[PDB]
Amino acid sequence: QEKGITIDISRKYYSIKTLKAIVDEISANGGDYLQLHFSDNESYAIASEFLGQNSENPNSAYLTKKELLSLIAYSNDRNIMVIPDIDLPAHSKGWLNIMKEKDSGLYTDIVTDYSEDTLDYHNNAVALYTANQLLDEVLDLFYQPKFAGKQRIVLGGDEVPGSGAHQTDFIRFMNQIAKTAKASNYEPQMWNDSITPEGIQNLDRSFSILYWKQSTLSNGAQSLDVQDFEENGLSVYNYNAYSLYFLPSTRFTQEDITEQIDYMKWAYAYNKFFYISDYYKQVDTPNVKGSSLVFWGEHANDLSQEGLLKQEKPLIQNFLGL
């Protein structure tokens, strides 16, 4: 049973010092991985040659290449694998908006008709070609020889518009970017929520699944659960959107953080998943491989770096102990 911490840096800048401090806590407590969620609607938060984010000076928009590589090395030195999390096709407004500036011709050819935040996953060649360039860069940057044959990448797949009604396009798109990952010897991962019973039969079985919340179909019916992923030979990680999602904010006191700990102490188990009918449903299938606490950044706008650590370090310690 692996344990990970997931940090959203797309929504919130963490300095290299803060991130190494977090890695220290992970290390001190026996964690296995740090998932770095760096591409979302608000920003693409690491250096990128493809996107023109080439500054080698620290800044407040993105980690430099040297900072990032340093973070990965620091983690690997403590036997902690770093998992890139780049979100496709949706949650893409950060990098798409860069493409709109950098090459507006190409932008028109890759963006969905009605969602500025979504790449055209509808059988669009130029869109896949563009995404693959960006993925190639990521898979290279995140290369970790100390974990060859164990590397994973999160490719997104959450909250994808049109996916219920165009599931065939969606699954074909995810399978295509999974090939890219697999060609570099990475295991591809995606969130659970946009895969429907119609789509699962066709999803590449190399995928493992980050299970945050059981979906409801358009029509009202309950969608895939962990047992359904089991039946399709798909491994699952518990990312329970109640017990394992936390949003740091200056609106919290330390006593509020203790109540969060107290809550997580009874709500969290590695195999208690967020089902429609039961928020902390214990599932005992053999395809559960671990769990992650996730720190989303939407509410962290003017938290100081110290304040980030004040909230996060206690929650990391507790989670990695339970």
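Note that residue numbering follows the sequence shown and begins at 1.
A summary of the deposited B-factors shows that, of 235-243 and 88-96, the stretch with the larger mean C-alpha value is 235-243. Per-stretch averaging of Cα B factors for 169-177 and 221-229 places 221-229 on top. Looking only at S48, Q35, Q254, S39, the residue with the top Cα B factor in the deposited structure is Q254. Ranking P145, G164, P197, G157 by the C-alpha B-factor listed in the PDB entry places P145 at the top. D204: CA B factor lies in the middle third for its chain, per the PDB record. Per the deposited record, the Cα B-factor of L106 falls in the highest third when ranked against the other modelled residues of its chain. Compared with the other modelled residues of the chain, the Cα B-factor recorded for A28 ranks in the highest third. For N287, the recorded CA B-factor ranks within the middle third of the chain. Only modelled residues enter the ranking. Among the modelled residues of its chain, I261 has a C-alpha B-factor that falls in the highest third according to the deposited record.
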